[PDB]
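Written out below as structure tokens is the structure these notes cover.
2 protein chains.
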Amino acid sequence: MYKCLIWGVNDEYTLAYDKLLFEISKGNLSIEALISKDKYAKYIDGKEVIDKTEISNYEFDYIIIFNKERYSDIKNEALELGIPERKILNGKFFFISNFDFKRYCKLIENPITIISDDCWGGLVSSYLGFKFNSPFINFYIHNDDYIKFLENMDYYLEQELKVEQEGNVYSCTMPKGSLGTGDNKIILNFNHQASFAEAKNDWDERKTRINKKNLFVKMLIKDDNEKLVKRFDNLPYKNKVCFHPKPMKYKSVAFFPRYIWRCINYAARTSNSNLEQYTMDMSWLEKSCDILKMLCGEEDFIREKX
Amino acid sequence: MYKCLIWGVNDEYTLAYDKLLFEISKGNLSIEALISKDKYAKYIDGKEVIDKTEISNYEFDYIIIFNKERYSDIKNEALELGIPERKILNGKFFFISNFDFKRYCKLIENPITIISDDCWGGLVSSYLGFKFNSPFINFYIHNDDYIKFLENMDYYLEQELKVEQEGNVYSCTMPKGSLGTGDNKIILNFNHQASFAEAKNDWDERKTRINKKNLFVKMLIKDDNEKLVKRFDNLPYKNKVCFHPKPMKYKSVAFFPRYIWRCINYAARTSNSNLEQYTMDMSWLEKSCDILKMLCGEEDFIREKX
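Sequence lines, in order, name chains A and B.
Read left to right, the first sequence gives residues 1 to 306 (PDB author numbering).
Read left to right, the second sequence gives residues 1 to 306 (PDB author numbering).
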């Protein structure tokens, strides 16, 4: 449970009010004071309105800024005031589907380092406003090779990234990478970077951020391959999930009924088998599951069943 | 040079007034009179405000409806008024970039029927508000089979669509169909559709709308494959274009600088090599070229050149 200060008391603030009350009712936080450039009143919702200058007069776990656009600038004034970035939250993330401050802060205080075969992880981190505490951003690795990696992680994480393809834009060729050497070599298909070198840079830099104390492992398996799914369901990893087109007896398997529905009924649908699009589109993911609950490693995070 | 009656005179009308003046300046049209249920005034911009029961006293080739929200309704009463459905136009298309009435109507009067290896045609027709006068919608054909098709079009069109693969949503497998036999068989891959039946029905029903008198052949060759590009450039079709990652000495090719730019520079880019996504995104396509001039098969439809 935390103590917080709120910077910004306008539209976003009153718009996020009910959620704030709810979060307080759950006992996840309490508002100490309200920071505001312009002073509309000396007390807003029974809370003293103070200046950035008198912030030092309060004890607090976070500053939650409620100002969509001007956020960045306030974050600076925050930093310029000696407040460590660690205690500055965007507040707009309060408007996320199944928000819960305690789960949201948990993932922040014990950095969730997501690991995915595709871009999912990167997207999820953005949707929540988390920082990329993982090297799995902007690239995908085929199932066959991927399962191999999750079974012998540290090893591969020690191997230097070795170009496998340089990539050329005039042949729509993307820079590919390699990790491993024998018939047990792995391939990373970077599809965001221009040149391999640039990709390698990002890789071995972000790599250093892995937080083995809070790892979330996700994998997507489009086709029928109970072999893999069983194999995945067997990884030691305590916190892991696998997206599948159909329900499975394997506990780590997901399956979103709504997906199948879209595949054969959604009119303006885009495809009839793009499960990886469904899982990467927060508009759909949030309807199918409670992301925050899921990432926190809780159970019953799938919102739609049977 | 058509004579048209306007049915709107509101926000969209005033919004589009300048466009009108311009279309008029080019001599593409003239406004005989204005139709309105609300009698704001007797004269708007020098033209008279009549009622939907008097349109019958005017000679005109088109009725331009300026009212997005209730467009369909107006059309229904216009049709109810016994007006040829072909003479009804939706004024909101006056708002696409590089709009020209002469061209727009040309593609109406002689139904343009786009043949394409992917969803491109479907998306384009919709961007212009044209009906699908082609069976090439929501499915793709690989280069090798697609070029094969384009060279022996009539034979294939005369074939019966056979199932090559029942689709199964529980393994992300899509329905696939085929035309021809032995070495002359080609494969269609159905995205949007969930069942081959549904697909075949769409195909069968739509293939009867092909209008040989106004074909537009489009193809997208992403990789380095000059043999194929050359073959495409040699097709008889007087109106065709091939989307390619680099410029070529072949006139049928269309290279878009901004694309390569987006690849190596655009921040929020999804991929570093998705010419398909680019070409099918009317927002990017409209910048790199003039869709109307292109469709009207006029040389010079490329806006940005290197």
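Cβ atoms here follow ideal geometry from the backbone N, Cα and C, with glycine treated the same way.
Next item on the list: Indicate the three-state DSSP secondary structure (helix, strand or coil) for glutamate 304 (chain A) in the structure shown.
Entry: Here the question's residue 304 (chain A) lines up with position 304 in the first sequence. In the three-state DSSP reduction, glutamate 304 (chain A) falls in the coil class, being neither helix nor strand.
Next item on the list: From the DSSP output, in three-state form, read off residue 309 (chain A) for me.
Entry: Nothing in the structure corresponds to residue 309 (chain A), since chain A is present only between 1 and 306.
Margin query: With distance defined between alpha-carbon atoms, name the residue in B:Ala41, B:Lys92 and B:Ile35 nearest to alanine 78 (chain B).
Written below: For the purposes of this step, residue 78 (chain B) is taken as residue 78 along the second sequence, with counting starting at 1. Nearest to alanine 78 (chain B) by alpha-carbon distance, out of B:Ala41, B:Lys92 and B:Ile35, is B:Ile35.
Margin query: Here's the rule I'm using: 16 or more other beta-carbon atoms within 10 Å means buried, otherwise exposed. How should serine 134 (chain A) be labelled?
Written below: On the first sequence, residue 134 (chain A) is found 134 positions in, with the first residue counted as 1. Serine 134 (chain A) comes out buried.
Item checked: Status (buried if at least 16 other CB within 10 Å, exposed otherwise) for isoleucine 64 (chain A) -> The count along the first sequence starts at 1 and reaches residue 64 (chain A) at position 64. Buried, because 16 or more other Cβ atoms sit within 10 Å of the Cβ of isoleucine 64 (chain A).
Check: Which residue or residues does DSSP assign as beta-bridge partners of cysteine 242 (chain B)?
Finding: Here the question's residue 242 (chain B) lines up with position 242 in the second sequence. For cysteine 242 (chain B), which the question treats as bridged, DSSP gives the partners B:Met219 and B:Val253.
Check: Does any residue of chain B bring its CB to less than 7 Å from the CB of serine 271 (chain A)?
Finding: Counted from its first residue, the first sequence places residue 271 (chain A) at position 271. It does; some Cβ of chain B falls within 7 Å.
Next item on the list: Run down chain B in chain order and give the residues with a C-beta less than 7 Å from the C-beta of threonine 173 (chain A).
Entry: Reading the first sequence from its first residue, position 173 is the one you call residue 173 (chain A). Under the 7 Å cutoff, chain B gives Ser273.
Notebook entry, point to check: On the three-state DSSP scale, how would you describe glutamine 277 (chain A)?
Noted result: Sequence index remark: in the first sequence, residue 277 (chain A) carries index 277 (1-based). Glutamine 277 (chain A): helix per DSSP, three-state reduction.
Item checked: Beta carbon of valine 253 (chain B) nearer than 7 Å to that of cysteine 263 (chain B) -> Locating residue 253 (chain B) in the second sequence gives position 253, counting from the first residue. Locating residue 263 (chain B) in the second sequence gives position 263, counting from the first residue. No. Outside cutoff.
Next item on the list: Less than 8 Å between the CB atoms is what I'm expecting for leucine 220 (chain B) and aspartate 118 (chain B), so what's the real figure, rounded?
Entry: As a first step, residue 220 (chain B) must be located in the second sequence, where it is residue number 220. As a first step, residue 118 (chain B) must be located in the second sequence, where it is residue number 118. Rounded, the Cβ-Cβ distance is 7 Å, consistent with contact.
Next item on the list: Give the straight-line distance between the Cα atoms of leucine 150 (chain A) and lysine 293 (chain A), rounded to the nearest whole angstrom.
Entry: To locate residue 150 (chain A), count along the first sequence from 1; it is residue 150. To locate residue 293 (chain A), count along the first sequence from 1; it is residue 293. Each residue's CA atom was taken as its position, placing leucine 150 (chain A) and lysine 293 (chain A) some 23 Å apart.
Check: Between which two residues does the alpha helix (DSSP H) carrying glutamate 77 (chain A) extend?
Finding: For the purposes of this step, residue 77 (chain A) is identified with residue 77 of the first sequence, where counting begins at 1. Residues 71-80.
Notebook entry, point to check: When the distance is taken between beta carbons, is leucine 179 (chain A) closer than 7 Å to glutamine 165 (chain A)?
Noted result: Looking up residue 165 (chain A) in the first sequence gives position 165. Looking up residue 179 (chain A) in the first sequence gives position 179. Their beta carbons are not under 7 Å apart, which means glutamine 165 (chain A) does not touch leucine 179 (chain A) by this criterion.
Next item on the list: Starting from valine 124 (chain A), trace the beta strand (DSSP E) both ways and give me its first and last residue.
Entry: Looking up residue 124 (chain A) in the first sequence gives position 124. It is not in any beta strand (DSSP E) - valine 124 (chain A) instead sits in the alpha helix (DSSP H) that spans 120-128.
Next item on the list: Using a cut-off of 7 Å between C-beta atoms, extract the partners of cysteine 263 (chain A) located in chain B.
Entry: Translated into the one-based positions of the first sequence, residue 263 (chain A) becomes position 263. Result: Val169 and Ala194.
Next item on the list: Please state whether DSSP places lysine 131 (chain A) in a helix, a strand or coil.
Entry: For the purposes of this step, residue 131 (chain A) is taken as the residue at position 131 of the first sequence. The answer is coil: DSSP assigns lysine 131 (chain A) none of H, G, I, E or B.
Next item on the list: Kindly indicate which three-state DSSP category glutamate 158 (chain B) falls into: helix, strand or coil?
Entry: Residue mapping note: residue 158 (chain B) aligns to position 158 of the second sequence, counting from 1. DSSP, reduced to helix, strand and coil, places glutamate 158 (chain B) outside both helices and strands of the structure shown, so it counts as coil.
Next item on the list: Quick one: using the 10 Å Cβ neighbour count with 16 as the cut-off for buried, is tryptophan 261 (chain B) buried or exposed?
Entry: Your numbering for residue 261 (chain B) matches position 261 in the second sequence. So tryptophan 261 (chain B) ends up on the exposed side.
Next item on the list: Please classify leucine 34 (chain A): does DSSP put it in a helix, a strand, or coil?
Entry: Within the first sequence, the letter at position 34 stands for residue 34 (chain A). The DSSP-derived three-state label of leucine 34 (chain A) is strand.
Next item on the list: Report the neighbours of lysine 249 (chain A) on chain B: residues whose CB is nearer than 9 Å to its CB, in chain order.
Entry: Working through the first sequence from its first residue, we reach residue 249 (chain A) at position 249. Ordered by position in chain B, no residue passes the 9 Å Cβ test against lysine 249 (chain A), which lies about 15 Å from the chain.
Check: Residues of chain B with a CB under 9 Å from the CB of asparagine 98 (chain A): which are they?
Finding: As a working mapping, residue 98 (chain A) is identified with position 98 in the first sequence. Under a criterion of Cβ atoms nearer than 9 Å, no residue of chain B is adjacent to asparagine 98 (chain A); the nearest Cβ is some 26 Å distant.
Margin query: With distance defined between alpha-carbon atoms, name the residue in B:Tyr17, B:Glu276 and B:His192 nearest to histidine 142 (chain B).
Written below: Here residue 142 (chain B) corresponds to residue number 142 of the second sequence, with the count starting at 1. In terms of Cα proximity to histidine 142 (chain B), the closest of B:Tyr17, B:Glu276 and B:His192 is B:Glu276.
Next item on the list: Kindly list the residues whose CB is nearer than 6 Å to the CB of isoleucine 210 (chain A), restricted to its own chain and excluding five residues on each side of it in sequence; keep chain order.
Entry: Taking the first sequence and counting its residues from 1, one reaches residue 210 (chain A) at position 210. For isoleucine 210 (chain A), where only same-chain residues beyond five positions count, the Cβ hits under 6 Å are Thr113.
Margin query: Just checking: is the beta-carbon of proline 257 (chain A) within a distance shorter than 7 Å of some beta-carbon in chain B?
Written below: Numbered from its first residue, the first sequence carries residue 257 (chain A) at position 257. Judged by the 7 Å Cβ criterion, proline 257 (chain A) is not in contact with chain B.
Notebook entry, point to check: Can you find a C-beta in chain B that's less than 7 Å from the C-beta of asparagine 191 (chain A)?
Noted result: Along the first sequence, read from residue 1 onward, the residue named residue 191 (chain A) stands at position 191. It does: the Cβ of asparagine 191 (chain A) has a partner Cβ on chain B nearer than 7 Å.
Notebook entry, point to check: Is the segment 197-207 of chain B touching the segment 222-241 of chain B in the sense that three or more CB pairs, one from each, lie closer than 8 Å?
Noted result: With a cut-off of 8 Å, the segment 197-207 of chain B and the segment 222-241 of chain B do not count as touching, because too few Cβ pairs lie within range.
Note to self: Under 8 Å: do the segment 121-139 of chain A and the segment 92-112 of chain A share three or more Cβ pairs, one atom per stretch?
What the structure shows: Yes, since at least three Cβ pairs between the segment 121-139 of chain A and the segment 92-112 of chain A fall closer than 8 Å, the two stretches touch.
Note to self: Would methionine 174 (chain A) and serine 273 (chain B) qualify as a contact pair, given that the criterion is a beta-carbon distance under 7 Å?
What the structure shows: Reading the first sequence from its first residue, position 174 is the one you call residue 174 (chain A). Reading the second sequence from its first residue, position 273 is the one you call residue 273 (chain B). Cβ distance < 7 Å, so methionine 174 (chain A) and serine 273 (chain B) count as in contact.
Notebook entry, point to check: Given that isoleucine 260 (chain A) touches chain B, what residues does it touch there, using C-beta distances under 8 Å?
Noted result: Position 260 of the first sequence holds residue 260 (chain A). Within chain B, the residues whose beta carbon sits less than 8 Å from that of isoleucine 260 (chain A) are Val169 and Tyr170, listed in sequence order.
Next item on the list: Would you please verify whether the beta carbon of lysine 227 (chain A) is less than 7 Å from any beta carbon of chain B?
Entry: If you number the first sequence from 1, residue 227 (chain A) lands on position 227. Cβ-Cβ to chain B under 7 Å: no for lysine 227 (chain A).
Next item on the list: Quick one: give me the first and last residue of the beta strand (DSSP E) that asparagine 98 (chain B) is part of.
Entry: Position 98 of the second sequence, counted from the start, is the residue given in the question as residue 98 (chain B). Per DSSP, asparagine 98 (chain B) is not a residue of any beta strand (DSSP E), being assigned neither H nor E.
Check: Between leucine 215 (chain B) and the rest of its own chain, which residues show a CB-CB distance below 7 Å, the 5 nearest in sequence each way excluded?
Finding: Here residue 215 (chain B) is taken as the residue at index 215 of the second sequence, counted from 1. Take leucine 215 (chain B), set aside five residues on each side of it, and the residues of its chain with a beta-carbon closer than 7 Å to its own are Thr113, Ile115, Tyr237 and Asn239, in chain order.
Next item on the list: Give the single residue among A:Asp18, A:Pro247 and A:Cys4 whose Cα lies nearest to the Cα of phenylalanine 60 (chain A).
Entry: Mapped onto the first sequence, residue 60 (chain A) falls at position 60. Considering only alpha carbons, the answer is A:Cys4.
Next item on the list: Output, in sequence order along the chain, the residues in the segment 202-235 of chain A whose CB is closer than 7 Å to any CB in chain B.
Entry: Considering only beta carbons, the part of the segment 202-235 of chain A lying closer than 7 Å to chain B consists of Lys222, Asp223 and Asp224, in chain order.
Check: Which residues of chain A have a Cβ atom closer than 9 Å to the Cβ of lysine 246 (chain B), listed in chain order?
Finding: By one-based count along the second sequence, residue 246 (chain B) stands at place 246. Within 9 Å Cβ-Cβ: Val169, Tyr170 and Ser171.
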